[PDB]
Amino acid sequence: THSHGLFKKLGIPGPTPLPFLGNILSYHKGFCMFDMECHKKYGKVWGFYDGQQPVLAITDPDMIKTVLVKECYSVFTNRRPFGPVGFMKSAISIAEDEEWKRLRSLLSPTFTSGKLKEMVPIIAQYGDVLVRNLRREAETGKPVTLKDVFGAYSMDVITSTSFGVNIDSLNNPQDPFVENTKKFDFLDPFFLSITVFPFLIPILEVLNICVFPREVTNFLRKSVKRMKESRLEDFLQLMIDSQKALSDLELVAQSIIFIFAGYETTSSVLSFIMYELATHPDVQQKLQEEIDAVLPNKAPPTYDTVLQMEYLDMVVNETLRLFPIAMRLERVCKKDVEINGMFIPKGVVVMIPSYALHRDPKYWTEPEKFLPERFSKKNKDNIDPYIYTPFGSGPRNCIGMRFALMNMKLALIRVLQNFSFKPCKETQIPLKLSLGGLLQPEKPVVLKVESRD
């Protein structure tokens, strides 16, 4: 436990670390509550130890921008390593340094205005599928779980945009391309034990053990294999028309990330939005009127249409403030440097507590409140872009931001053009966040669902 003296030696405040454990015991109410408290009592900057691993939390907007934007390329290029990952070492959000910049550049042109617009008609054909699957249980007239219906849609949109495999996942709880997809709590019996035994990570790699257990990976290594080639002899088509090289084992890796980034993220965030609309009927009514004014006769949405609806964009943005699913942003400092006057030694994980910053009184009137008006053009300047970062910032931000926004909103428009949502008995008000290690509802989101004519 010789590494625990670093934050007194640097004169930086923080909770006292226990031997070997560090501050991990302070995670008993999730990263979010521990960040909000630390912020409230330690101020602009503090430190703590994930095991032996020092973690410096910063909150200065000039400092955050130095880490995310300015000195990203030179100093803060990687996220904190975690394992074991096996062949997934080559995935973009996990890769580091020069083979990240290789993958980041190779994969950036997959989320371009021209390519995103070229996906509107394809996934608009699933918005319709979302409607009929949702109409059936509107006459059922008993509470509806959104994570499952949104999952099916978001999954349907992923499979299609990723491999062209068109399936009604709700009505097909079966077929091979939806079974494995159904198959990371940083605080379960396991990931706690790898922050207390980070020295055990090389042991599990030698054992080919993977946190992505090798039953799902093997399905796709061949599901892509035959469909790489002898099934067509789309993110995939846009990676083979360039297959700075790109191995086919490295091609499977990015496919998995895209699939999880946008099935759990897209549906979790869509569930948080329908909760906030159902417990704020005022907003729901305001949004149904904006949608119908841009799209008369329940018209099909287009790329240009969606960038226009700005109360819809206002609603999405505020939900992300209250529920930024990443919670934190993390960069590993690559060398002895000194930003904003303070000194950062080699190896420290520099951390940014997105959740807590999204709820700081020193920036947000009525923090816990759901006020989509904060983001209207009248007020969307009193908002620091380095305090509101649900997609990160800088070269290593969310490569799928524009697609995530565009997909969620297309789901929202076609859904609100036809249905409305009311709180139930099982409906939890106010929603309590997970005690665990990600940002999901403690109890699933289930609501009343009526229909218009």
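By rigid core we mean the largest C-alpha set that fits within 1.5 Å across both forms. Numbers follow the displayed sequence, beginning with 1.
Colleague: Superpose by the rigid core: which stretch, 208-216 or 318-326, shows more Cα shift in 9 other deposited structures of this protein?
Modeller: More C-alpha displacement in 9 other deposited structures of this protein shows up in 208-216.
Colleague: Please tell me which region, 100-108 or 117-125, has C-alphas lying farther from the displayed form on average in 9 other deposited structures of this protein, with superposition done on the core.
Modeller: Output: 117-125, the stretch lying farther off on average in 9 other deposited structures of this protein.
Colleague: For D241, record whether it is unmodelled in at least a third of the other compared entries of this protein.
Modeller: Modelled in all the others, so no.
Colleague: When the other structures of this protein are compared, and only where the residues around it are present, is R231 absent from a third or more of them?
Modeller: Yes, left without coordinates in at least a third.
Colleague: Can you count the deposited residues that have no coordinates between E368 and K369 and report it as none, 1 to 3, 4 to 9, or 10 or more?
Modeller: Gap size class: none, per the record.
Colleague: I'd like the number of residues from the deposited sequence that lie between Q243 and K244 yet are not in the model, binned as none, 1 to 3, 4 to 9, or 10 or more.
Modeller: 4 to 9 residues lack coordinates between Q243 and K244.
Colleague: On average, are the C-alpha B-factors higher in 397-405 or in 382-390?
Modeller: Looking at the record's C-alpha B-factors, the answer is 382-390.
Colleague: In the PDB record, does 21-29 or 426-434 carry the higher mean Cα temperature factor?
Modeller: Looking at the record's C-alpha B-factors, the answer is 426-434.
Colleague: Sorting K286, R328, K142, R331 by Cα temperature factor from the record, which one lands on top?
Modeller: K142 has the highest C-alpha B-factor of those listed.
Colleague: Highest Cα B-factor in the PDB entry belongs to which of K346, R321, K101, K222?
Modeller: It is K222.
Colleague: Among the modelled residues of this chain, does the Cα B factor of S420 put it in the lowest, middle or highest third?
Modeller: Ranked within chain, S420 CA B lands in the middle tercile.
Colleague: Can you tell me whether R79 has a C-alpha B-factor in the lowest, middle or highest third compared with the other modelled residues of the same chain?
Modeller: Lowest third - that is where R79 ends up once the chain's C-alpha B-factors are sorted.
Colleague: Just say lowest, middle or highest third for the CA B-factor of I158 relative to the other modelled residues in its chain.
Modeller: Its C-alpha B-factor belongs to the middle third of this chain's values.
Colleague: Tell me, lowest, middle or highest third: where does the Cα B factor of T265 rank within its chain?
Modeller: Ranked within chain, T265 CA B lands in the lowest tercile.
Colleague: Would you mind checking where the Cα B-factor of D188 ranks among the modelled residues of its chain, as the lowest, middle or highest third?
Modeller: Highest third of the chain for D188's C-alpha B-factor.
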